[PDB]
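> this one's structure only:
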Ligand SMILES: NC(=O)c1ccc[n+]([C@@H]2O[C@H](COP(=O)([O-])OP(=O)(O)OC[C@H]3O[C@@H](n4cnc5c(N)ncnc54)[C@H](O)[C@@H]3O)[C@@H](O)[C@H]2O)c1
Ligand SMILES: NC(=O)c1ccc[n+]([C@@H]2O[C@H](COP(=O)([O-])OP(=O)(O)OC[C@H]3O[C@@H](n4cnc5c(N)ncnc54)[C@H](O)[C@@H]3O)[C@@H](O)[C@H]2O)c1
Ligand SMILES: NC(=O)c1ccc[n+]([C@@H]2O[C@H](COP(=O)([O-])OP(=O)(O)OC[C@H]3O[C@@H](n4cnc5c(N)ncnc54)[C@H](O)[C@@H]3O)[C@@H](O)[C@H]2O)c1
């Protein structure tokens, strides 16, 4: 078999990152588990008047660099291991992009598609009331993640604000603009993924105009990224869905698909001639972008991948043995910790704007975002080729450095 | 020679020339709050040693108070009170929303271990935490404290608070919210004040004759900075002697041959005295050694157009008056060295937003502050026909006097 | 943890590999003599201050002891003891008729006038005169001391003798019997060891690839020397980064962009990291910056045929084993830096004769001393199949242990 546990696999790279950086075993012991993990039971009155109690998680990986940052996930597969690994990745993202953050993450075991608007609101208010003692603008700043959105952020912001007895926009990011959100929040992730595609393309000497790209997933990341790739002149040879995939060697009509895709990012069920997801990962292209879920590139298929570049818009799409197979095959892997930092970057700008009470325009957010994604790409890429290591390990090296140095400076690990 | 009563006389003469009344002096002649504490520390040998600590807050009329903490065997109450007042003047000269603060512990840090200094740093924050914080009173580094001590003090304050409060204290390491451009900021400010004094006397640096006293951290950097401006550095000096070249010294040679303790006179046979170095004919004299170097004894002998004080307190009171009525443009230390307080303030602003500037941006922001402060003091000096030191004190105190009146305290 | 006990461990392992008994380590693990004196000094204010001084004489089996005097607030009895033992090891490595000595005074020379330091210097000679002298124990400069302090101590001792005793003390001004060819003696010494290490590996220096880490005092000097001999210096660095040119970096141009802290990197920002600087493929790597740069994580990837430590402790013990296992010729810092002691010795010899050598003659003799030492350590390391750092230690202790046995002390 292969190790598919998101948590223990992430631990192993962090351990190697910290050893290559020269730290003592105690720094791996301090960073391998979140400093705080709160598990909570949340009762919600359901539309039929009965009560359901939901299990929720809030993980705070490390406090050392500043308040922890990370989204909240509503899914029936939310586990404590996933929430921790997600939380550790947010530490590394924030490090790579140099934010005064540590990593946080949250999750609630629920099926949100089976719940009404009112039930979602009461679940969201309960979650904030359950965890409020350890979160806030100066402690831990949640945000959206898949299946949670601006309306849920608005509800959670409202509930936190009523408890404080004053508006706290800085508690949570991904807010609507009228609630103190930021320009650029919707396209931030895919816009960040587009920048590392362009930078990876330059390394490999691929012209984007005419480049064959394939995208697994058609949600916020996938569908925004397809639009960006399309009117950048790339041919989006295939897009994917929780239910199937589409393939066109001329490149797909992305506008046509965006017009018919639902809020949950599914569009494949409209077509008869579908292709499987395992086929989509394997078709010949220049850029493969996994932007769906975790562990889609494994040991069973990492040899069959034909892209020259694969960039991880999604969290944890490729496994440890896949990364080693890919890098041995000469692929330019751009790890998720790098490629998706665009969403954490813009979420941080939202927070900065909330701290000052003053708000930035699109062009200013885009300007500051591009600087960060550009400079942070060179950092990880230069580290990989200078230490003769794979790109993920190098991104972990770049991302864990601030947290380790802060934990040292503060006295958490001595010597 | 008592610092504190001497500091009071500075405040009194400045409030009096500004036109404020006796009540205003009485409000400002002592800190509003002075906290004396006793900090037990578990020492590495298992005994408890108990240390005396101080935290003075002079006036918070203008904003939270600001000032560093020092660990010295000779720290006293009067020392901390006086320096908190000087911090008030320093902040106002460069127009910060800050009153003056100051702290000290009676200890010999060089005789204590790492673990003892950390435990004493933590116990200090515990002892005073009820009157300090990002919105109340912001400490910073000083004598025998550095970024690591700031880092321990911040961690302690943030644990007490149950959240990160990087704005509690300045001088932090970068990874804890420290500010880029912090190490050079004081010396860069002397560089601006030197170039701004030069324009006031229409003295082009390139080819100008400049002599600097001292060759350590401040003096090395100032001799190199003017030598690359094309200026002729005809004199530099040591604790042991001085060097004189009417054609300009080869600063890069001296720089190369100096030892790690700011000595270089010792290598040389032909050598002139420090007292003769100060009396050299030149355009810019920059004392960067030690105090009471220009006194009533040689004040009529120095023949420089411009005297910028890089050392603290190198010109005595009577010598300052002799210099001004010989037409000499004297830039006081409390203005010349205000780059360090300005960048402390920049660090605290970054902690308030949660957003951090690039070095080029801190420099840009640092330059204007110095350029602006120099002009405020220079204009007050010349409008009121006073020396620039008293004018600097006046610019230093007037915001606190204005704020105290507006808020109803007088 | 602690330097003295760590220095005891070095002497123990060397005597063990040479084959001596536990008695020889019992004789050498502490200095034969250790004099702790109290020195009263009249201060400029008229009060008296009483300072603590130390003089350590490790072993006079081979001859009079030799070692410098430092004036530092952190001087401790264990530090003076340990450094005297290091002076034995140094004097051994370069085969001097000396044993190890050292002194220290607990003071802050930064808070003392020129007159206070002179009176302290004379009071220290007075306080230890009974056990030092040209034929017993020969001091020299060190931290915060210099040729002026050596001139004062030589005068005090001569006054005490009732005749001129220049060989009491080295580092003197030339006009009092100091040596020519002294100023860059340590740096010239590294230069000799680099060339001699290069000829061992049959490497033509005149086209060799040289990487230097550090660009202050030592790095700037070594780079210009290698550049001049025809070597291509393909890398240099400072605290803020590194530069890389595969064909030669053009040192003369970089030495002109230096900023007085030894920084050149900030001006380019087409820069490489320090980590990459150290793993660049080359013939001669020279860490002349800080310490712990070559480590267990680093050492497997360094690509230089030869590594010459021009700083103290830049290679760890773990790393030292690895470079030795990979067949890299490592010159330890305790050997590469022995030129300062060698030229100290030459000053003493000239004092003994009353006859003084030209710069060229001091250089010729320095080269032969450094070549012979390099050859001796290389032969011990190669013959016993051990790393050069342990071999250096062994050459350094060998003479004292052979003399201690011969004279009956064990
Ligand atoms: N935190 C954020 O705001 C944010 C934004 C963009 C991306 N991401 C990360 O990237 C990934 C996608 O996030 P999103 O916001 O785009 O999600 P989303 O919920 O908006 O859309 C998910 C997409 O993946 C598809 N999908 C689900 N299971 C699939 C499967 N087995 N095979 C193929 N497609 C499948 C869905 O049908 C939909 O097309 C996640 O790992 C997420 O954490 C996060
Ligand atoms: N960057 C700045 O401009 C700056 C910042 C802070 C403080 N200072 C002040 O500058 C002075 C020196 O600070 P530093 O960091 O350069 O110190 P340092 O100890 O690094 O250098 C001091 C220099 O002054 C010389 N010196 C000592 N006593 C002397 C004497 N009696 N006569 C002549 N020279 C003498 C020393 O030999 C040395 O060359 C102090 O008064 C200090 O308060 C300057
Ligand atoms: N004052 C003290 O207590 C003390 C302590 C040790 C040594 N010293 C003395 O200081 C002198 C040091 O000479 P030097 O040649 O080392 O010069 P230096 O210290 O003036 O400059 C050293 C160089 O190393 C650089 N550097 C610093 N950190 C670096 C890093 N991580 N990577 C790469 N480069 C880095 C510096 O920027 C500079 O370029 C000697 O005389 C020595 O005896 C004094």
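Yes, it's here. Residues are numbered from 1 along each chain as shown, chains lettered A, B, ... in the order given. Ligands and ions are numbered 1, 2, ... in the order given.

> Tell me the secondary structure at the residue of chain A positioned farthest from its centre.
In chain A, residue A:49 marks the outermost C-alpha relative to the chain mean, sitting 35.8 Å out by C-alpha atoms, centre = their mean. In three-state terms, and counting by DSSP: H, G, I helix; E, B strand; the rest coil, residue A:49 is coil.

> residues near the residue in the stretch 101-250 of chain A that chain B sits nearest to, how many?
Residue of the stretch 101-250 of chain A nearest chain B, by C-beta to the nearest C-beta: residue A:138 (4.1 Å). In short, each C-beta sits where N, CA and C put it, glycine included. Per other C-beta atoms under 10 Å in any protein chain shown, the neighbour tally for residue A:138 reads 19.

> quick one: contacts for it?
A:67, B:163, B:164, B:165 (C-beta atoms under 8 Å, 6 or more residues apart in numbering or on different chains).

> Excluding chain neighbours, what is closest to residue A:199?
residue A:377 (4.5 Å; C-beta to C-beta, 6 or more residues apart in numbering or on different chains).

> buried sites along the one helix or strand the one you found maps to?
Here residue A:377 sits within helix A:362-386, counting by DSSP states H and E. With burial defined by 16 or more other C-beta atoms under 10 Å in any protein chain shown, the residues of helix A:362-386 counted as buried are A:365-366, A:368-369, A:372-373, A:376-377, A:379-381, A:383-384.

> is that helix anywhere near ligand 1?
No - Helix A:362-386 stays clear of ligand 1 (C-beta under 6 Å from any ligand atom), getting no nearer than 13.9 Å.

> hmm, the next helix-or-strand element following that helix in reach of chain C?
Following helix A:362-386 in sequence order, the next helix or strand is helix A:391-410 (DSSP H and E). No - legend: contact between helix A:391-410 and chain C by C-beta under 8 Å from any C-beta of the partner chain is lacking; minimum distance shown is 10.4 Å.

> relative orientation of helix A:391-410 and helix A:362-386 in degrees?
Angle of helix A:391-410 versus helix A:362-386, following axes from the mean of the first three to the mean of the last three C-alpha atoms, to 10 degrees, is 100 degrees.

> From ligand 1, how far off is residue A:217?
Using C-beta to the nearest ligand atom, to the nearest Å, residue A:217 is found at 4 Å from ligand 1.

> Next, count neighbours for that residue.
Residue A:217: 27 neighbours (other C-beta under 10 Å).

> do the same with the one 5 residues further on
As a burial measure, residue A:222 scores 27 neighbours (other C-beta under 10 Å).

> again, but for residue A:331
21.

> element containing the nearest residue to residue A:369 once chain neighbours are set aside, please.
Closest residue to residue A:369 apart from its sequence neighbours, by C-beta to C-beta, 6+ apart: residue A:345 at 5.4 Å. Counting by DSSP H and E, the element that carries residue A:345 is helix A:341-356.

> Show me what that helix is packed against.
strand A:68-69, helix A:80-97, helix A:188-204, helix A:362-386, helix B:339-353 (3 or more C-beta pairs under 8 Å, 6 or more residues apart in numbering or on different chains; DSSP states H and E).

> What's the local residue count around the nearest residue to residue A:234 once chain neighbours are set aside?
Closest residue to residue A:234 apart from its sequence neighbours, by C-beta to C-beta, 6+ apart: residue A:211 at 4.5 Å. By the measure other C-beta under 10 Å, the count of residues near residue A:211 is 23.

> So residue A:211 sits against residue A:289, correct?
No - applying C-beta atoms under 8 Å as the test, residue A:211 and residue A:289 come out as separate, 11.5 Å apart.

> Once you drop chain neighbours, what's closest to whatever residue of chain A ends up closest to chain C?
Among all residues of chain A, residue A:386 sits closest to chain C, at 4.6 Å; criterion: C-beta to the nearest C-beta. Excluding its sequence neighbours, the residue lying closest to residue A:386 (C-beta to C-beta, 6+ apart) is residue C:276, at 4.6 Å.

> so how far is ligand 2 from that neighbour?
Taking C-beta to the nearest ligand atom, one finds residue C:276 at 33 Å from ligand 2.

> Residue A:190 contacts residue A:221, doesn't it?
Yes - proximity of residue A:190 to residue A:221 meets the contact threshold set by C-beta under 8 Å, at 5.2 Å.

> Ramachandran coordinates for the residue nearest to residue A:234?
Main-chain torsions, residue A:211, degrees, to the nearest 10: phi -70, psi 140.

> residues in contact with the closest residue to chain B within the stretch 201-350 of chain A?
Nearest residue of the stretch 201-350 of chain A to chain B, counting by C-beta to the nearest C-beta: residue A:348, 8.1 Å away. Listed by C-beta under 8 Å, 6+ apart, the contact partners of residue A:348 are A:69, A:94, A:99, A:101, A:173.

> For the stretch 51-200 of chain A, what lies in contact range of ligand 3?
Going by C-beta under 6 Å from any ligand atom, none of the residues of the stretch 51-200 of chain A are near ligand 3.

> so how far is ligand 1 from the closest residue to ligand 3 within the stretch 51-200 of chain A?
The minimum distance from the stretch 51-200 of chain A to ligand 3, using C-beta to the nearest ligand atom, falls at residue A:98 (20.1 Å). Computed with C-beta to the nearest ligand atom, the distance linking residue A:98 and ligand 1 is 19 Å.

> OK, contacts around that residue?
Contacts of residue A:98 by C-beta under 8 Å, 6+ apart are A:372, A:376, A:402.

> ok, now residue A:264?
Here residue A:264 is in contact with A:113, A:147, A:219 (C-beta under 8 Å, 6+ apart).

> what number of residues lie near residue A:314?
Here the number of neighbours of residue A:314 (other C-beta under 10 Å) works out to 26.

> what does residue A:151 give?
Counted with other C-beta under 10 Å, residue A:151 comes out at 14.

> what do you get for residue A:390?
Using other C-beta under 10 Å, residue A:390 is surrounded by 18 other residues.

> In this structure it contacts residue A:325, no?
No - using C-beta under 8 Å, residue A:390 makes no contact with residue A:325, being 10.6 Å away.

> List, one by one, the residues from chain A near ligand 1.
So chain A meets ligand 1 at A:71, A:144-147, A:189, A:216-222, A:240-242, A:265-266, A:277, A:291-293, A:313-315, A:340, A:343 (C-beta under 6 Å from any ligand atom).
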